[PDB]
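Here's the letter readout for the chains.
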Amino acid sequence: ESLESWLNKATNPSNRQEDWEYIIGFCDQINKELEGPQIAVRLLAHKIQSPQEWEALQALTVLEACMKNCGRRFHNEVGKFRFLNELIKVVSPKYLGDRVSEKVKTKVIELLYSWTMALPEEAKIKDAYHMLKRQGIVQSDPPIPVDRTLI
Amino acid sequence: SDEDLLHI
């Protein structure tokens, strides 16, 4: 099925629990699609900025899965401000910030922080993260789950 | 091709 089809099912607010079947289905689809990466980020950005917390949370988990399954061609898309700004808006009071839960915000910060280490190649991700700290959105670097593949 | 870093 289509990219949106997979994601809609992988981020459905009604899901009683995460459905890794669809999460993986979404990733495999992107790896097949000529424009899967470009379409995928825009689709994910939107789901992540959703007022429904469970939808946004699931979207973040799907985003995490994509980074580990969709290789370099996905990383390049996530590494552009065009997508990065969408995440900033989620944690910045000037935008969605004051209407988004902490769980969602910290997850975003965690992922962003994680990427600055994992993707030293994507310089735009670092600038995005520093800008956050500089503006006081991120007081200190947060602790993160142990993953020895994060180089 | 890309946008500029958003500013708060």
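The deposited coordinates derive from X-ray crystallography, with the record listing a resolution of 2.30 Å.

The name given to chain A in the PDB entry is ADP-ribosylation factor binding protein GGA3, with Homo sapiens as the source organism.

Residues and elements named next belong to chain A. Applying the stated criterion across every chain yields a total of ten salt bridges over all chains. Among the ionic pairs, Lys9 bridges to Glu1, the shortest N-O distance being 3.1 Å. Residue classification places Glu1 among the partly exposed positions, given a relative accessible area of 44%. With its nearest N and O atoms 3.4 Å apart, the salt bridge here joins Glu102 to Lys105. Of this pair, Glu102 and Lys105 both sit in helix α7 (residues 102-118), three residues apart, which is roughly one turn of that helix. By relative accessible area, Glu102 is classed as exposed at 55%. One salt-bridge network, held together by shared partners, links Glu64, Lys107 and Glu110.

What counts and what doesn't
Residues numbered from 1 in each chain as written, not as in the entry; some residues may be left out. Chains lettered and ligands numbered in written order. Heavy atoms only, no water. Salt bridge = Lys/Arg side-chain N within 4 Å of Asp/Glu carboxyl O. Buried < 20%, exposed > 50% of the residue type's maximum accessible area, 1.4 Å probe, protein only. Helix = DSSP H or I, 4+ residues; strand = E, 2+ residues; numbered from the N terminus.

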